[PDB]
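Remarks on the structure that follows.
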Amino acid sequence: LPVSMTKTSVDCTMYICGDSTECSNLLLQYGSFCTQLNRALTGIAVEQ
Amino acid sequence: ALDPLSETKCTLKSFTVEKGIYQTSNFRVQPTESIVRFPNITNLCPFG
Ligand SMILES: *[C@@H]1O[C@H](CO)[C@@H](O[C@@H]2O[C@H](CO)[C@@H](O)[C@H](O)[C@H]2NC(C)=O)[C@H](O)[C@H]1NC(C)=O
């Protein structure tokens, strides 16, 4: 039986915008997604 | 932007932080040489 998958983690703002301040500025309009998106992974991460 | 303990508060959006660990900040590493460069010559053109 498996036990745990690799504890992947990504930071949207990097993944979405590889250090392009213009990019992040537009994203911030989208609000709490790429907080919660980050959160669930950590929830995945810890739960591992 | 004060210091890491503060930047943590910038994430949870709480003035009080429970004991633990918190993925806080968008760390980055930097280049230090803005190198402009090229290769290794041999056969010149004889305008002689
Ligand atoms: C590339 O340019 C260099 C000159 O900067 C050529 O001169 C040297 O050739 C000798 C013998 O091959 C090497 O031991 C040297 O290392 C080369 N340059 C230096 C100072 O290290 C070189 O021949 C050219 N390309 C080749 C084929 O090596």
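How things are named: the first chain in the structure tokens is A, the next is B, and so on; residues count from 1 in each chain; ligands count from 1 in the order shown.
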
At most 10 Å is the cut-off: for each residue in chain A with any atom that close to an atom of chain B, write down the nearest atom pair and the distance in Å rounded to one decimal, counting only C-alpha atoms, chain first then increasing number, as CSV.
residue,atom,partner,partner_atom,distance
A:11,CA,B:26,CA,7.6
A:12,CA,B:26,CA,9.8
A:13,CA,B:26,CA,8.2
A:14,CA,B:26,CA,7.6
A:19,CA,B:28,CA,9.3
A:35,CA,B:11,CA,8.6
A:38,CA,B:23,CA,9.6
A:39,CA,B:23,CA,9.7
A:42,CA,B:23,CA,8.7

**Message:** Going by DSSP on the backbone, which residues of chain B come out as helix (DSSP H, G or I)? List them as a PyMOL selection string.
**Reply:** chain B and resi 4-12

**Request:** Pick out the residues no farther than 12 Å from ligand 1, counting only C-alpha atoms and all ligand atoms, and list them as a list in words.
**Result:**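 Protein and nucleic-acid residues within 12 Å of ligand 1: residues 38, 39, 40, 41, 42 and 43 of chain B.
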
For the selection you just gave me, I'd like the residues written to a file as a PDB file, in the first residue's frame, keeping C-alpha atoms.
ATOM      1  CA  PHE B  38      30.842  35.070 -27.428  1.00  0.00           C
ATOM      2  CA  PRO B  39      33.176  32.084 -28.849  1.00  0.00           C
ATOM      3  CA  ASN B  40      36.751  31.058 -30.140  1.00  0.00           C
ATOM      4  CA  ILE B  41      37.968  32.325 -33.591  1.00  0.00           C
ATOM      5  CA  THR B  42      40.364  30.846 -36.207  1.00  0.00           C
ATOM      6  CA  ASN B  43      40.043  31.883 -39.881  1.00  0.00           C
TER       7      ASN B  43
END

**Item:** Distance in Å - CA of residue 25 in chain A versus CA of residue 5 in chain B
**Value:**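 The value is 24.5 Å.
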
**Request:** Have a look at CA of residue 48 in chain A and CA of residue 1 in chain A and let me know their distance in Å, one decimal.
**Result:**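 Atom-to-atom, CA of residue 48 in chain A and CA of residue 1 in chain A are spaced 14.3 Å apart.
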
**Asked** Separation of CA of residue 17 in chain B and CA of residue 3 in chain B, in Å?
**Response** 14.6 Å

**Best match for closeness to residue 8 in chain A among A:34, A:20, A:29, A:44, counting only C-alpha atoms** =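 Residue with the minimum atom-to-atom distance to residue 8 in chain A: A:44.
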
**Message:** So that I can check the surroundings of residue 6 in chain A, please list as a list in words every protein, DNA and RNA residue that reaches within 12 Å of it, counting only C-alpha atoms and ignoring chain neighbours fewer than 3 positions away.
**Reply:** residues 2, 3, 9, 41, 42, 44, 45, 46, 47 and 48 of chain A
